[PDB]
Structure formats: C-alpha cells, structure tokens
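Below is one structure; the comments refer to it alone.
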Amino acid sequence: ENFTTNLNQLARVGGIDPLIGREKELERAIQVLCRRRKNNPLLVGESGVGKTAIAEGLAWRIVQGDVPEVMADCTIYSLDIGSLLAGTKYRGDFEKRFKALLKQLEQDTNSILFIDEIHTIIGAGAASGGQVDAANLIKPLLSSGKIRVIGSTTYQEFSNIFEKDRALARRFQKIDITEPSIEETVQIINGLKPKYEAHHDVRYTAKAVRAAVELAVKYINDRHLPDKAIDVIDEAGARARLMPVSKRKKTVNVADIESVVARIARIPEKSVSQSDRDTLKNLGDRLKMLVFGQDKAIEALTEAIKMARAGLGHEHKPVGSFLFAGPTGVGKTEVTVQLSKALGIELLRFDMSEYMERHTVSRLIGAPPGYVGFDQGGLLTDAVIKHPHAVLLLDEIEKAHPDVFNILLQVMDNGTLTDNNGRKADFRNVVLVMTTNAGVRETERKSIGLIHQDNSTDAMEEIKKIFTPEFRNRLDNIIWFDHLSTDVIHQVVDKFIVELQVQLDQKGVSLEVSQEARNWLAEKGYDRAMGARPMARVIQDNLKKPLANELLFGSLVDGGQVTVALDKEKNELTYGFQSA
Amino acid sequence: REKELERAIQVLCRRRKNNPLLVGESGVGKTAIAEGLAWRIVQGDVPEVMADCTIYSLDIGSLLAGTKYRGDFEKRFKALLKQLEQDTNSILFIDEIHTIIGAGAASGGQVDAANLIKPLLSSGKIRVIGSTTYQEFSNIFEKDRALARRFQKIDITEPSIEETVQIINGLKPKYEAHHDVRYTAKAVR
Amino acid sequence: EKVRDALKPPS
Ligand SMILES: Nc1ncnc2c1ncn2[C@@H]1O[C@H](COP(=O)(O)OP(=O)(O)OP(O)(O)=S)[C@@H](O)[C@H]1O
Ligand SMILES: Nc1ncnc2c1ncn2[C@@H]1O[C@H](COP(=O)(O)OP(=O)(O)OP(O)(O)=S)[C@@H](O)[C@H]1O
Ligand SMILES: Nc1ncnc2c1ncn2[C@@H]1O[C@H](COP(=O)(O)OP(=O)(O)OP(O)(O)=S)[C@@H](O)[C@H]1O
Ligand SMILES: [Mg+2]
Ligand SMILES: [Mg+2]
Ligand SMILES: [Mg+2]
Numbered sequence: 001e002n003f004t005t006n007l008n009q010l011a012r013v014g015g016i017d018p019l020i021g022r023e024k025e026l027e028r029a030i031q032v033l034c035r036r037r038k039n040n041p042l043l044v045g046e047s048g049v050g051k052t053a054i055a056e057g058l059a060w061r062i063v064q065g066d067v068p069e070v071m072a073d074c075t076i077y078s079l080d081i082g083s084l085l086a087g088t089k090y091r092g093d094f095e096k097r098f099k100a101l102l103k104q105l106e107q108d109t110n111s112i113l114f115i116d117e118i119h120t121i122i123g124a125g126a127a128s129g130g131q132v133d134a135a136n137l138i139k140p141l142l143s144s145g146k147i148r149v150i151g152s153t154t155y156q157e158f159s160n161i162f163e164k165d166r167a168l169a170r171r172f173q174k175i176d177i178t179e180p181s182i183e184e185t186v187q188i189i190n191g192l193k194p195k196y197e198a199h200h201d202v203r204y205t206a207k208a209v210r211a212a213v214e215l216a217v218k219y220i221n222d223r224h225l226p227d228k229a230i231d232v233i234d235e236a237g238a239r240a241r242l243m244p245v246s247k248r249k250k251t252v253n254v255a256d257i258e259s260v261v262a263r264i265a266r267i268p269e270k271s272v273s274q275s276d277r278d279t280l281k282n283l284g285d286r287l288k289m290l291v292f293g294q295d296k297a298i299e300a301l302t303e304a305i306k307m308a309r310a311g312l313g314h315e316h317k318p319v320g321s322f323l324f325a326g327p328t329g330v331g332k333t334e335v336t337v338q339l340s341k342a343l344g345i346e347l348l349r350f351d352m353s354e355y356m357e358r359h360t361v362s363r364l365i366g367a368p369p370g371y372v373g374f375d376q377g378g379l380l381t382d383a384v385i386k387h388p389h390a391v392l393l394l395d396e397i398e399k400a401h402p403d404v405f406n407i408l409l410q411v412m413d414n415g416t417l418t419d420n421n422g423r424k425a426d427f428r429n430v431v432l433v434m435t436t437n438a439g440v441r442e443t444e445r446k447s448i449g450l451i452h453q454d455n456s457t458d459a460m461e462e463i464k465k466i467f468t469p470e471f472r473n474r475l476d477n478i479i480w481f482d483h484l485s486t487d488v489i490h491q492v493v494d495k496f497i498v499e500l501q502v503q504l505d506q507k508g509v510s511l512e513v514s515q516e517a518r519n520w521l522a523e524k525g526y527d528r529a530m531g532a533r534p535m536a537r538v539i540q541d542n543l544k545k546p547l548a549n550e551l552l553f554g555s556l557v558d559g560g561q562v563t564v565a566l567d568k569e570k571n572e573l574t575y576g577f578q579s580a
Numbered sequence: 581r582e583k584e585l586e587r588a589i590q591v592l593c594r595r596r597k598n599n600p601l602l603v604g605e606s607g608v609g610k611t612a613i614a615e616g617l618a619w620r621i622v623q624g625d626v627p628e629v630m631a632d633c634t635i636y637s638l639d640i641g642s643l644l645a646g647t648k649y650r651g652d653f654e655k656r657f658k659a660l661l662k663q664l665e666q667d668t669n670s671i672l673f674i675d676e677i678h679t680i681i682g683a684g685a686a687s688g689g690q691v692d693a694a695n696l697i698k699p700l701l702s703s704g705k706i707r708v709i710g711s712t713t714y715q716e717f718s719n720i721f722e723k724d725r726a727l728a729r730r731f732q733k734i735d736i737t738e739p740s741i742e743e744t745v746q747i748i749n750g751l752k753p754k755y756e757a758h759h760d761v762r763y764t765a766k767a768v769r
Numbered sequence: 770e771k772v773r774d775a776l777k778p779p780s
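Protein sequence lines correspond, in order, to chains A, B and C.
Note that this note's numbering has the first sequence beginning at 1, numbered continuously upward.
Note that this note's numbering has the second sequence beginning at 581, numbered continuously upward.
Note that this note's numbering has the third sequence beginning at 770, numbered continuously upward.
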C-alpha cells in the first residue's frame with residue numbers, strides 16, 4: 001500500500017534525477033526485462049557508480065517517452081523494507097503484507113518492482129521459528145516469470161550473500177557496471193548542472209567542471225568518478241552562497257574548485273599564499289640555524305618541497321624519497337625532525353628496530369588475519385591517511401626485515417599502499433626520509449698506516465649490499481653526511497648552550513659563558529669519528545653538574561647570574577654563582 | 581575552530597549528501613563542534629542560512645529501550661526521521677556513529693539503522709552530523725562503502741599550543757565557578 | 770553465538 005512508491009509519479013514532480021548518458025547500460029536492462037526467461041535483471045556495480053540512478057532514471061525515461069513502446073506502458077515500483085517491517089509485530093503481518101503486494105504485481109503483468117539492496121531481504125522478515133523470509137516467498141513466483149523485478153548489489157555483497165542463494169541467482173541475470181569515462185562524466189555534470197545551479201543560485205563554468213573531474217580523480221582516491229565529481233560541484237556552490245558578501249562571486253570560476261578538492265583531499269592547494277611562500281623561501285637558513293653543515297642534504301629536502309608546491313612534481317610518486325647515511329652523531333635525524341617543525345606538519349616516526357621480524361612488518365601494511373581485535377588496519381596506512389601532508393621518518397631502516405623494502409618499492413614507484421581492509425593511502429604529499437648506519441663501522445675504523453684513510457667509499461659498498469639497485473634507483477637521492485668540522489663544533493656548542501639556558505630559565509637562572517670557555521669545551525669534546533654526541537657529555541660534566549649541586553643545595557636556588565670563564569694557568573673553568 | 585566549522589556548514593548547505601562526519605582522535609573536540617554549533621547559533625554569530633536550525637542528539641540506548649517486539653525499533657526510528665523530514669530545518673547529531681551500523685537486527689536480519697537512514701541521506705531531506713574516532717571509522721564505518729559515501733569526512737586535527745591556551749581561557753569561567761577558584765595565566769601556559 | 774531474537778505475540 002504505502003511501502004511501494006510509484007517512481008513514475010515522482011518523475012512528474014521532478015524529484016527523480018534525470019539520467020544522462022548510460023545509453024548502453026539501459027539497453028541491457030530493457031532487453032533482460034523483455035526476454036522470456038531470466039526476466040529479472042541485476043545491476044551489479046560499485047558504490048556511487050550510478051546503478052540506482054539507472055533504475056530511477058528508467059522510470060523518468062518512460063514518462064518522457066524515449067523508450068520502446070513495450071516499456072512505455074510499464075510502471076516501475078520501489079519497495080521500502082523499513083516501512084514494511086515497521087508494524088509487523090503480530091504473527092503473519094509480514095507474510096500478509098508482502099504476499100498482498102505480490103498479488104498486485106501479477107494481476108497487472110506490466111509493473112516492475114525495483115528493490116535496491118536485494119541482499120537485505122535474504123534474511124529479513126523472519127525473526128525466528130517461522131523462517132519465512134521474503135527471498136523464499138518471492139522465489140516461487142519468479143520461477144513462472146509472471147513478475148519481473150530489478151535488483152542492485154555490490155560485488156562483495158553479491159558474492160558473500162547473494163551468491164549463496166543459488167535459487168535467486170538463477171532467476172536474476174547479472175549485469176556488470178563500471179564507472180564512466182571522464183568524457184562521459186563531464187556530459188553528466190552539464191546535464192545535472194541546472195539542478196545544482198538553481199539550488200545554490202550560482203552558474204558553473206564549463207571549464208570548472210572539467211577541472212573538477214580531472215582534479216578529483218588525481219587526488220580523491222576513496223570514491224568512484226561520477227559521485228566524486230558531483231561532490232566537488234555541490235560543495236563549490238555551497239561555499240559561494242556562504243560568502244559574507246551578497247553572492248558577489250555568483251559564477252563558479254576556475255581555481256575555486258581547486259580549493260574544494262584540496263580541502264577534501266587535505267593536501268596543499270595551488271596559488272600558494274604569501275605566508276607559505278615566505279616559509280619556503282625562509283627555509284634555506286632556518287634549517288641551517290639548527291643543523292650546521294650538511295648543506296647538500298638540506299637543499300635536497302627543500303628542492304623536493306619547492307618543486308611539489310610549485311606544481312612540477314611526479315605524477316604518481318611522492319614529493320621525495322631520501323636515504324640519509326653517514327657517521328654517528330651527524331644531523332641525519334635532527335634535520336628531518338626540525339623539517340617537520342619548520343613546515344608546521346606532523347612528524348611520522350617509525351623506529352625500524354621494532355620491525356626486525358617478518359610478523360611485525362605485516363602490522364605496517366595491515367593486520368594479521370588471526371587477530372580478532374576491532375583495531376584492524378596498518379600502522380603506516382592509518383598514519384598516512386590521518387596526516388597525508390607529513391614527514392615519514394624510517395630510522396635505522398637497515399635493521400628492518402627485507403620484506404619492508406617490498407612495501408617501500410611500490411610506494412616510491414606507485415605512491416599508494418592499499419591495506420588489508422582495502423583503504424587507499426596516498427603518499428603523494430608525504431615526504432619520505434629514511435636513515436641508516438650501514439657502513440658506519442668503516443667510518444670509525446682506523447687504517448693500519450701512518451695516515452688514516454677515508455673509508456667513506458668502502459662504506460658505500462656496504463650500503464649497496466643491503467639496499468638492492470632497484471631500491472636505490474627509485475630513491476630520488478642518496479645523501480652522505482660529511483663529518484663535523486672544527487668550525488661547525490663551535491656552532492653546535494652554542495646550540496647546546498642555548499638549550500641549557502632554556503632549562504635554566506624555567507628556574508629563573510641565567511647563564512653566561514665566555515667565548516674562551518666555549519672554545520675550550522670544543523677542543524675537549526671534538527671527535528670527528530664520534531660526531532657531536534660527545535659534546536653533549538662535555539656540557540653535562542662541565543656545566544650541568546656544577547650547577548645541579550648548586551641548584552638543589554646551593555646559592556643557585558633562584559636568580560642565577562652565573563658566569564663561566566677559563567683559567568689559562570690551569571686550563572680549567574672557574575664558576576661564579578650569585579644568590580641574587 | 582573557524583576553519584572546521586566553515587566546512588561543516590558548507591557540507592550541510594549542500595543540495596545532496598549534506599551529512600558531515602567529524603573524524604579525529606579522542607579529545608580533539610569532535611563533540612565540541614557539534615554541540616558548539618548549537619551554542620554558536622543561539623549566540624547569533626552564524627549565517628542566516630543556519631539560524632533557526634535545531635540540533636538534536638540521538639541516544640541509541642533510549643531508542644532500543646523497549647524494542648522487544650518485531651518491528652518496534654523500525655517504527656521508532658522511522659518516526660524520528662519523519663519529524664526531521666517534515667521540519668526541513670533540523671539536524672540529527674549522531675555521536676559514536678559506528679554503533680548505528682548494527683543496532684536492531686533479527687536472528688539473520690541484514691536490516692539495521694544504517695539501511696533505513698541510507699535512502700534519506702542520499703535524497704538530502706535530512707541532515708545528519710556524525711562523530712567517530714579514526715579507528716572506529718576505518719574498521720567499522722568504512723567497511724560499509726554505501727553509508728560512508730553519503731557521509732563527508734571532516735578531519736579534526738589536534739590544536740597547537742597557542743590554540744589550546746585560548747580554549748582554556750574560554751572555559752576558565754565554567755571551571756572556576758564549579759570549584760570557586762581562580763586560575764592564573766602562568767598556570768594555563 | 771549471542772544473537773537477539775524478536776518475538777511475535779499472537780493476534
Ligand atoms: N547517469 C546518471 N545520471 C544522473 N545522476 C547520476 C548518474 N550516475 C550517477 N549519478 C549520481 O550519482 C549518485 C550515486 O549513484 P547511485 O546509483 O544513486 O548510488 P547507489 O547505488 O545508491 O550507491 P551505494 O548505496 O553506495 S551501492 C546518484 O544518486 C546521482 O546523484
Ligand atoms: N649537524 C648537527 N648540528 C647540530 N646538532 C647536531 C648535529 N648533528 C647532531 N646534533 C646533535 O646530536 C643529536 C642528534 O643526533 P642525530 O642526528 O639524531 O644522530 P643520527 O644521525 O640519528 O645518528 P645515528 O644514531 O648513528 S643514525 C642532538 O642532540 C643534536 O642536537
Ligand atoms: N574547540 C574547543 N573549544 C572549547 N572547548 C573544547 C574544544 N575542544 C574540546 N574542548 C573541551 O575539551 C573537552 C574534551 O573533548 P571532547 O568533547 O570529549 O572531544 P571528542 O572528540 O568529542 O571526544 P571523543 O572522540 O568523543 S572520546 C570538551 O568536552 C570541551 O570541554
Ligand atoms: Mg542506492
Ligand atoms: Mg637517528
Ligand atoms: Mg565526543
């Protein structure tokens with residue numbers, strides 16, 4: 001009675017969306033309906049392709065009259081299961097209702113019941129005991145062929161549920177649907193453009209719609225092309241009407257759609273703002289103010305970022321893939337960590353020392369089948385989806401199992417890593433930086449000779465033994481971090497001294513160190529083979545330790561006014577504490 | 581949260597599939613944006629298109645309080661949707677939307693709250709605001725590609741250090757009144 | 770497993 005809705009009547013008032021294109025798909029349905037056997041068609045497809053619009057659009061075509069004479073007289077009906085089950089409290093309510101509706105179909109002989117999500121009725125209508133499901137009830141009538149119906153289901157649902165019921169499948173004739181071509185999509189948007197133009201009181205340009213389909217497929221990877229494009233067109237109109245001005249930008253021009261796709265995809269948009277331009281230009285020295293030396297490494301990171309934001313970048317690869325190798329204590333990781341801070345983007349860290357076993361690597365791409373925990377999905381896929389624009393740090397990659405390489409090989413080549421669940425992660429805007437200590441032993445090794453020789457060349461051979469040529473060939477660059485020079489150490493000392501002052505500022509203590517004392521700390525702690533970590537120990541032994549005793553129990557409870565200076569006679573620093 | 585709200589309102593103003601889905605980790609403030617929208621409305625600092633709009637929060641427990649008989653849950657759920665469709669100036673904030681996937685089902689019944697809400701979401705008659713964590717959205721909500729397609733995901737990101745202090749200052753009077761205390765500026769930082 | 774059954778009272 002009220003469960004069924006006459007789609008044709010809805011078409012008269014314009015509620016139904018007019019179907020555009022899909023001429024071939026329509027033919028198959030009409031042909032299936034007309035044949036003697038297998039009268040019921042099944043529109044299999046994917047979510048958003050437009051399988052429902054075809055059925056709803058078929059009725060619209062019938063009222064318009066652009067269909068064969070045989071189908072012109074037909075009246076398509078649509079069943080709402082929720083209304084059918086709303087009042088089926090007593091015994092026999094569902095059976096009498098469904099059976100009553102079926103009688104109407106057979107007497108007419110020309111109506112079609114378009115039921116979407118046909119898989120749902122497989123187990124619906126029978127709570128327990130009776131087991132009188134709608135699928136079983138309709139089955140006999142389908143055998144004769146008196147009633148013809150149209151179904152809709154997805155591939156996964158059809159195989160998992162619908163295929164199980166061989167009886168129903170035998171009656172229905174499967175139809176394979178696929179997303180339309182980009183050429184067909186633009187025509188669909190133009191046909192549907194008046195509907196959205198009136199609702200939003202805006203005029204969409206023909207150039208903008210073409211950009212929407214092209215830009216959406218390039219960045220939006222979680223939906224099919226027809227619905228995906230419409231989502232960018234509907235939001236665009238919504239954005240324009242919400243402007244504070246009284247619809248000044250009535251027309252939807254180009255470069256406005258770019259904002260919507262960028263916002264939906266959570267990626268940087270084109271026409272970079274002055275703030276971003278200043279941030280990228282200023283990021284030539286700001287990194288050099290925290291990581292001294294290794295200028296060639298910083299340039300590689302900034303160029304990849306500058307290229308991608310400029311618009312010149314790899315079509316399917318990431319912004320950049322780098323392998324940071326070198327001696328201990330150099331800024332292989334610090335330069336990466338400070339990069340994320342300078343850019344204001346989340347830093348994704350992955351200590352590869354925990355992924356040294358094959359079972360653990362399976363957790364990155366997805367979750368093991370055995371686990372029944374609801375927290376499925378991989379650690380790397382989930383993180384990337386949460387922060388598409390981010391820095392991915394794979395520290396000590398050499399420790400990880402070789403299987404990890406198979407994951408990165410498809411990332412640097414394709415840019416996407418599908419998880420076990422099926423979610424699609426885009427690595428286009430994510431920076432890829434992996435550090436390693438392959439050949440580090442050679443760097444600290446001393447030769448058997450009067451002159452110590454440079455074992456950097458030999459260390460590279462070890463890197464070529466762990467990382468296959470295909471892996472290195474896909475890397476954008478393979479940077480080698482040079483050893484810290486004496487001049488550089490003086491800059492490193494100032495960096496640690498500043499950090500010390502910050503810690504002291506929280507306690508209201510001020511520290512002033514003479515240049516002579518700073519130079520003395522460098523000569524004691526300078527070790528080319530052991531990088532800059534030894535310098536930290538020197539700062540702890542000569543500056544932190546004398547003050548820790550004074551801070552806890554001493555004059556330096558508050559105020560500070562400390563003064564450190566060198567004693568040339570004994571080459572030892574003299575500490576002066578003021579109680580303030 | 582001016583940027584996040586601007587997108588949520590944009591989604592709600594859409595002709596079709598005007599159902600936002602505020603996603604983010606726990607504590608970011610996803611429920612602060614849904615409930616906050618109401619507070620922002622009553623204050624009067626909102627676009628005229630959103631004014632006079634009513635936001636209703638759904639309690640799934642109350643919905644299934646007495647749905648013992650067959651079809652009772654379907655009637656109650658459908659009755660609520662009819663009210664939203666009739667007014668055309670109301671929204672339904674469903675928190676923990678992963679729960680509505682399977683709410684009322686038979687021994688083998690595929691029918692659930694998601695199947696009933698699905699047709700009206702696509703039509704656009706009713707607007708629905710969702711809020712769920714990243715873990716639940718990817719392992720529960722994203723499994724049903726049909727229900728997710730209708731919802732427009734909005735990623736709520738953790739705020740910066742400076743943004744949070746402003747939030748505490750905004751909420752400082754409420755907490756101060758409950759404890760009859762005063763918080764200094766140094767404490768917040 | 771743990772399945773919920775909806776009863777039907779007689780008319
Ligand atoms: N040929 C078309 N003409 C007009 N609109 C179309 C066409 N194809 C797709 N659309 C639009 O795309 C939307 C999504 O396609 P539908 O067939 O409605 O999806 P659906 O089968 O309900 O999706 P699920 O529930 O995810 S399987 C339609 O509702 C229309 O808005
Ligand atoms: N070039 C540098 N400039 C300034 N500080 C540095 C530099 N290199 C290292 N440091 C300091 O040393 C620490 C950073 O060492 P990292 O860069 O993390 O070492 P690494 O490259 O990961 O070495 P491994 O452990 O052998 S892979 C911090 O305390 C930094 O302040
Ligand atoms: N933007 C904000 N402005 C003001 N207060 C906020 C804001 N975000 C969060 N809060 C406060 O922080 C509290 C905790 O955040 P929640 O509202 O619980 O976040 P949530 O994302 O809804 O949490 P889950 O995901 O449901 S566990 C809020 O209830 C507010 O008191
Ligand atoms: Mg549908
Ligand atoms: Mg490191
Ligand atoms: Mg919440």
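Ideal placement from N, C-alpha and C gives every residue a C-beta, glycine not left out.
Counting only unbroken stretches of 4 or more residues, the alpha helix (DSSP H) elements lying wholly within the stretch 405 to 481 of chain A are 440 to 444, 456 to 466 and 469 to 474, in sequence order.
Sorting B:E722, B:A631 and B:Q746 by C-alpha distance to the C-alpha of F374 (chain A) places B:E722 at the top.
Going by DSSP, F657 (chain B) is part of the alpha helix (DSSP H) stretching over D652 to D667.
Between the stretch 740 to 754 of chain B and the stretch 658 to 671 of chain B, the count of Cβ pairs shorter than 8 Å is below three; the stretches do not touch.
Contact residues of the stretch 667 to 690 of chain B toward chain A are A686, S687, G688, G689 and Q690 (C-beta to C-beta distance below 7 Å).
In the DSSP assignment, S687 (chain B) falls outside any alpha helix (DSSP H), carrying neither H nor E. Following the DSSP letters along the chain, one finds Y575 (chain A) inside the beta strand (DSSP E) bounded by residues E572 to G576. For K777 (chain C), a Cβ of chain A is located within less than 9 Å of the residue's own Cβ.
In the assembly as shown, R277 (chain A) is an exposed residue. Its beta-carbon has fewer than 16 other beta-carbons within 10 Å. Of the residues assessed, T381 (chain A) falls on the buried side of the cut-off, its CB having 16 or more other CB atoms within 10 angstroms. Cβ atoms of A425 (chain A) and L417 (chain A) come within 8 Å of each other, at about 5 Å. Restricting attention to B:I741, B:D735 and B:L751, the CA atom closest to the CA of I267 (chain A) is found in B:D735. Taking 8 Å as the cut-off, the C-beta of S637 (chain B) does not count as close to any heavy atom of ligand 6.
By the 16-neighbour rule on beta-carbons within 10 angstroms, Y196 (chain A) is buried. Those residues that have a beta carbon less than 5 Å away from any non-hydrogen atom of ligand 4 are, in order along the chain, A:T52 and A:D116. Within 8 Å of the C-beta of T712 (chain B) there is not a single heavy atom belonging to ligand 1.
Contact between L42 (chain A) and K174 (chain A) holds: their C-beta atoms lie close to 5 Å from each other, under 8 Å.
Close CB contacts of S670 (chain B) within its chain, under the 6 Å cut and outside five residues either way in sequence, are with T634 and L664 (chain order). Using a Cβ-Cβ cut-off of 9 Å, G378 (chain A) does not count as an interface residue toward chain C, since no Cβ of chain C sits closer than that to its own.
By the 16-neighbour rule on beta-carbons within 10 angstroms, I448 (chain A) is exposed. No heavy atom of ligand 5 is found nearer than 8 Å to the CB of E398 (chain A).
A residue is called buried when at least 16 other Cβ atoms come within 10 angstroms of its Cβ; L776 (chain C) does not meet this threshold and is exposed.
In this structure, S606 (chain B) has its beta carbon less than 8 Å from a heavy atom of ligand 3. In the structure shown, the three-state DSSP call for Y755 (chain B) is helix.
Residue pairing by DSSP leaves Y371 (chain A) without any beta bridge partner.
Taken through DSSP and simplified to helix, strand or coil, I147 (chain A) comes out as coil. Around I709 (chain B), no beta-carbon contact reaches into chain A at under 9 Å, the shortest distance being about 15 Å. Scanning A:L79, A:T435 and A:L408 for the CA closest to the CA of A297 (chain A) turns up A:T435. Beyond the five residues adjoining it in sequence on each side, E398 (chain A) comes within less than 7 Å, by CB distance, of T436, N437, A438 and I466 in the same chain, given in chain order. Each residue's CA atom was taken as its position, placing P739 (chain B) and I264 (chain A) some 19 Å apart. Secondary structure within the stretch 20 to 69 of chain A: the alpha helix (DSSP H) runs of 4 or more consecutive residues, fully enclosed, are 23 to 34 and 51 to 64 (chain order). In this structure, A:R91 is the residue among A:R91, A:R441, A:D413 and A:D116 with its C-alpha nearest to the C-alpha of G129 (chain A). Ranking A:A134, A:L192 and A:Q506 by CA distance to the CA of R596 (chain B) puts A:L192 first.
In chain C, no part has a C-beta under 9 Å from the C-beta of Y155 (chain A); the shortest such distance is about 27 Å. In the DSSP assignment, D505 (chain A) falls within the alpha helix (DSSP H) that extends over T486 to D505. DSSP places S642 (chain B) within a helical segment (H, G or I) once states are collapsed to three.
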